[PDB]
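Chains as they are written, first to last, in the entry's author numbering: chain w, 7 to 81; chain A, 1 to 41; chain o, 2 to 117; chain e, 1 to 177. For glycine and all other residues, C-beta sits at the position ideal for the given N, C-alpha and C.
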RNA sequence: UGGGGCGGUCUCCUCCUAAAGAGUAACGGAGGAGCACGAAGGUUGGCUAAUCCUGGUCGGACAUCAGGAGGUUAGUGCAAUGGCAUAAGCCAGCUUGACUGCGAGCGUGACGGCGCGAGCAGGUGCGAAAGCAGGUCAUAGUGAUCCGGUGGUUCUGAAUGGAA
RNA sequence: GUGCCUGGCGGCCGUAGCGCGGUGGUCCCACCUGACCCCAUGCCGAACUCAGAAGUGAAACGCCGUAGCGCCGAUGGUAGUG
RNA sequence: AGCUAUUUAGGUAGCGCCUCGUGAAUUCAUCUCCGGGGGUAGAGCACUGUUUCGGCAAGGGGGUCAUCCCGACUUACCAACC
């Protein structure tokens, strides 16, 4: 017997590439490690990539195994 | 060669029926005389 | 493979330093000739580097690739970096255990003046 | 370690003229030997392993390595990570002492023996033979243990083909029939 | 409650539906939870699979060992999805940060509320040190208010000093 | 004036990586010699580590070709669509 | 004529949607250009299951064995893993 659905976690990307954010602002609320913390960008225990500096969002694909990174340059 | 986990070595001198006495370090307890050897193959 | 295993063993300590933007002192331990390089926070250009491959250091030494060689090298890299003007640096095991020569090279830098 | 020296003198020049190995290091250097004994029946008799562990320490000059279960299997009724194996590995000078113990006091004591078959080479120049007893080694005291625990000893080398390692063994007047 | 008597459902977590931000219904389709661990937690150091090919006492398709290929198809306390070798997987030593007062600034909700969080002050522990640690790979393991019990705290105590 | 080399640390992450043939030892690198002791193995100087270093270039790695593959990859058409 | 909650389901409350007043920044909307992550359509079959088939044919069943046992001439024939 079925008919049960949890909820909607409202996950995904919050701020997109090229946007003026402040420190502490959440960039992407993910579950696994779909993205990876970059420069001046912190990762939470919830894998929630947040900003540590105050600037603009920048998306890239670095590393030898080609993984997505999210960094914020100082503006 | 860790300490106190390896049984001691003693130069063992065992012979053969021909008289093939060989001295090598081993852990036996006694030295017996055998029937065949490398010289008795 | 001793080469590759050493590399993936040093990746964690190496990546953590590059996300810190801290100037590091990377050393290379080999059966002969122990090396040491001071890499800037951009990780592209080095600041200073001394080793026994420079005959000037090994000539006052007995053997190239041992304990006293490490302290002599550690002394050389610390005295040069200070004459260049660098104060705070971070260490680098580089896959090698912080035990002998790696440690020997390390303490020689501290007594000279390199803060770490 | 006299055959260690014998290998480094007579055997090296012996193969440089047959195979013509242009380099000194280009020789089938024997690496290690591992006296293993997949006792396995320790599922109930926990002390069965204790005798076999002491037996390996008695025959070979070192404490053995108690091997667990690499995988859970119900056909033999074992769960992963449980004492079931008893092995050792001689490497270095003490490996030669066992190798000296081999051709002089071990293999001569092989029951019903008139020729050693080297058809148990894995395929990469390494020989992994298995005999049904440890009685060939005089270290066992015959009436001390009520069972002559069989086992399997592997001789690891650096060769490539089987005959490159088979003829390697023949350099010690090894039985071949 | 497809009009009704009958069997299931009700809070919470995962996937699909869901139309490539988020969200999105059905008595639509598969599933699970109402805990567990003092360590499976923190930290420094080391290691990294399954799987078959082959050669081996017992041992043979399926226990142990050696080499090769292979590559994460393994594992990850538990459902599923996302993630993971810089391993979060496996092992060892030392330990208790499973810490206190906060908290820029965001996420998410009508609200109650919930989630993340650099840094600051105090103090602690692992590490040579840089640094790391305010529970556990994440996402379920939970229920408001009132009434009442326990301990602490002169804050109050209807004359005053006390107490209730 | 610079080039040939090796070693280390990076940017860049298969046009970069595999298979294959041939090549490097003065240096350097690797292997290797020895291991009372520092250090170390739930066995083992294998690794970790120290003292060194005869010999070698096999292993390993570096280099030069090879495209037998992987890989990058237009233009045009086609599928789909606002 | 929605969302959330409700002994709630043709009720009600908060929010969205309307209105009037008020105070504010090219504040807001369309278009061009640039900077972004997406994985549905389509394509596709490494992975994930499943597809029927062949083969592999191992697990398995029976005349067949010594038909106490290992084992079998051989094989209906299903067939885990494949």
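- Cβ-Cβ separation between residue 73 of chain o and residue 83 of chain o: approximately 16 Å, too far for a contact (criterion under 8 Å).
- Identification of residues in the region 101 to 116 of chain e having a C-beta nearer than 8 Å to some C-beta of chain A yields 101, 103, 104, 105, 108 and 109, given in sequence order.
- Sixteen is the threshold: when 16 or more other Cβ atoms of the shown chains lie within 10 Å of the Cβ of residue 60 of chain e, as they do, the residue is buried.
- Residue 3 of chain A has a beta carbon lying at 9 Å or more from every beta carbon in chain e.
- Straight across, the Cα-Cα distance linking residue 106 of chain e with residue 40 of chain A is about 13 Å.
- Counting the other Cβ atoms within 10 Å of the Cβ of residue 93 of chain o gives 16 or more, which makes it buried.
- Rounded to whole angstroms, the Cβ separation of residue 103 of chain o and residue 39 of chain o is 16 Å, and the two are not in contact under 8 Å.
- For residue 68 of chain o, same chain residues with a beta-carbon under 8 Å away, outside a window of 5 residues either side, are 101, 102 and 105 in chain order.
- DSSP places residue 36 of chain e outside any alpha helix (DSSP H); the residue lies instead in the beta strand (DSSP E), whose first and last residues are 32 to 37.
- Unbroken alpha helix (DSSP H) runs of no fewer than 4 residues, entirely contained in the region 39 to 104 of chain e, are found at 46 to 59 and 93 to 101, following chain order.
- Shown here for residue 25 of chain o: same chain residues with a beta carbon closer than 7 Å to its own, the five before and five after excluded, namely 18, 40, 90, 91 and 93 in chain order.
- Of e/34, e/66 and e/32, the smallest CA-CA separation from residue 48 of chain e is found for e/66.
- Around residue 74 of chain w, the same chain offers 41 and 67 as residues with beta carbons nearer than 6 Å, after the five sequence neighbours per side are excluded.
- Here residue 23 of chain o is actually not in contact with residue 75 of chain o; their C-beta atoms are around 19 Å apart, not less than 8 Å.
- Taking 8 Å as the upper bound for CB-CB distance, residue 65 of chain o and residue 33 of chain o are in contact here, some 6 Å apart.
- Residue burial annotation: residue 121 of chain e is buried, with at least 16 other C-beta atoms found within 10 angstroms of its C-beta.
- In the structure shown, residue 61 of chain w falls within a strand segment according to DSSP collapsed to helix, strand and coil.
- The alpha-carbon separation between residue 140 of chain e and residue 133 of chain e amounts to approximately 10 Å.
- Rounded to whole angstroms, the separation of the alpha carbons of residue 75 of chain e and residue 32 of chain w is 53 Å.
- Within the same chain, and ignoring the five residues on either side of residue 95 of chain e in sequence, the residues whose Cβ sits closer than 7 Å to its Cβ are 32 and 33.
- Under the Cβ criterion of 9 Å, residue 62 of chain e is counted among the residues facing chain A.
- Contact annotation: residue 79 of chain w and residue 64 of chain w have beta-carbon atoms nearer than 9 Å.
- 138 and 139: these are the residues of the region 131 to 152 of chain e whose beta carbon lies less than 7 Å from some beta carbon of chain A, given in chain order.
- Chain-ordered listing is empty here: chain A has no CB closer than 7 Å to the CB of residue 170 of chain e, the nearest sitting near 12 Å.
- Considered as a whole, the region 32 to 89 of chain o harbours 36 to 40 and 47 to 50 as its complete beta strand (DSSP E) runs of no fewer than 3 residues, in chain order.
- By DSSP's assignment, residue 23 of chain A forms a beta bridge with A/13.
- Taking a beta-carbon distance threshold of 9 Å, residue 83 of chain e does not count as an interface residue toward chain A.
- Boundaries of the beta strand (DSSP E) around residue 127 of chain e: 127 to 129.
- Here the C-alpha atom of residue 85 of chain o lies approximately 40 Å from the C-alpha atom of residue 23 of chain w.
- For residue 175 of chain e, the nearest CB of chain A lies under 9 Å from its own CB, placing it at the interface with that chain.
- Non-local beta-carbon contacts of residue 30 of chain w in its own chain, meaning distances under 7 Å to residues more than five positions away in sequence, involve 56 and 57 in chain order.
- A contact is defined here as three or more CB-CB pairs under 8 Å, and the region 161 to 176 of chain e meets this definition with respect to the region 10 to 30 of chain e.
- Under a criterion of Cβ atoms nearer than 7 Å, the residues of chain e adjacent to residue 28 of chain A are, in order, 138 and 139.
- Classified as buried, residue 37 of chain o has 16 or more neighbouring CB atoms from the shown chains inside 10 Å of its CB.
- Taking 9 Å as the cut-off, the Cβ atoms of residue 35 of chain w and residue 16 of chain w count as close.
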